[PDB]
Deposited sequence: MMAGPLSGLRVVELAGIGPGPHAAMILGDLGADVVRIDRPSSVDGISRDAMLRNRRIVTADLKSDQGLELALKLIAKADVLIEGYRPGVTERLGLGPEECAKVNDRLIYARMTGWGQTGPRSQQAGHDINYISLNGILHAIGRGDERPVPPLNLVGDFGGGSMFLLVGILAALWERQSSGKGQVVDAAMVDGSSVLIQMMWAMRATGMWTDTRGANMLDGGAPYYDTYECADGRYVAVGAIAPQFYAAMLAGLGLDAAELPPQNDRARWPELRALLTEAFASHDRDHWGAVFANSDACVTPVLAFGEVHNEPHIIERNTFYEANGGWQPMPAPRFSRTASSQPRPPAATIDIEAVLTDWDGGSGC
């Protein structure tokens, strides 16, 4: 298995959403991941795994699980706190068979506290820490940024960081430990730039009136003639200049870039400009420039974009496309992910692992 984590052994206890994403990226990077499910998946997410089944509530399944865990470097669970405890797969039971184990707990609310037993989803976790409030336009109610901020950016990615960090630690203490990965905490650190900016006046709690939330005419999308969109990210003065130059707008006749009072005016002039031609016309105009103007591609157009083609950001599977592994490593490169295969036998895996 190619990648920098070639050699690492991960048990994943089948759950939903953030946990399997973390397991995926470990497999993507060469880890040997073995997912235990309840008694062929067409879910690309379950790439780079072997799947086995066990009934964790039977003595026999309990015992099989504990033997896999005994040979593994990592365990990923995403159940309510107290669930593995009650199954006999809690941290203390695991430690008795494998004190080198990195026991990784993926939750929304974390291991303890008033909401720790309560159900929730991404939207709930980012609702509670200021993130969801800060998304969207001032004249509309907060829109969920899918589940990219709670589940993934501030969920699985923090689990991953904790897992790999605790592996580095183990390299000098010889022991593992428990990683408590709560989406409510991970997403907060994810948005630390904004908490920093609050204290210096570089960000306000008012919706849709900041530099990065759609409040700024140079940091937004614009609708073009064909009803399709471009994205403008032209923050530096020299990027802004380049963007006005492509539009054929005379800076002398426009409000200054950072005269907020005149941002309505600026936006309206930018709107009328971008609306005068189709999306793809602006890709030609701004070609090779620092204007920070890009087409906004729908998923089904992505695989035709040259920079995406040239770098192999996606690979073909099933319906269509899935993202290749990230990030990239110069010497131990990942290979194209392996599909979900049929189930396999658990004793088989033990015997492979010895």
Next item on the list: List in ascending order the stretches of the deposited sequence, numbered from 1, that lack C-alpha coordinates.
Entry: 1, 41-45, 361-365
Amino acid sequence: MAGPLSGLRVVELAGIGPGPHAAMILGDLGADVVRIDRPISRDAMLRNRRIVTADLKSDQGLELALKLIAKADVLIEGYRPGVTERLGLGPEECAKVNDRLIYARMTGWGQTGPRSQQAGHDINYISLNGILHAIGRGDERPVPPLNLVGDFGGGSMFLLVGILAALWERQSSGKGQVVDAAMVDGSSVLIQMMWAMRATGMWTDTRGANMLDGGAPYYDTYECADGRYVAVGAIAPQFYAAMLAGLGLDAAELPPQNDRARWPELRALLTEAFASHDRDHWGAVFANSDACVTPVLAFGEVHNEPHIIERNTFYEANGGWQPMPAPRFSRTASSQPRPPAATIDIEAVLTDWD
From here on, numbers count along this sequence of modelled residues.
Check: Do the C-alpha atoms of 264-272 or of 84-92 have the higher average B factor in the entry?
Finding: 84-92
Note to self: If you average the CA temperature factors as listed in the entry, which stretch comes out higher, 47-55 or 316-324?
What the structure shows: 316-324
Note to self: Quiz for you: based on the deposited Cα B-factor, which of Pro295, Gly300, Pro306, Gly61 is highest?
What the structure shows: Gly61
Next item on the list: Determine, from the deposited record, the chain-internal third of the Cα B-factor for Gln171: lowest, middle or highest.
Entry: highest
Notebook entry, point to check: Lowest, middle or highest third: where is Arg137 by C-alpha B factor in its chain?
Noted result: lowest
Check: Can you tell me which third, lowest, middle or highest, the CA B-factor of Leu101 falls into for its chain?
Finding: highest
Item checked: CA B-factor ranking of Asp220, expressed as a third of its chain -> lowest
Check: Where does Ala291 sit by CA temperature factor within its chain: lowest, middle or highest third?
Finding: lowest
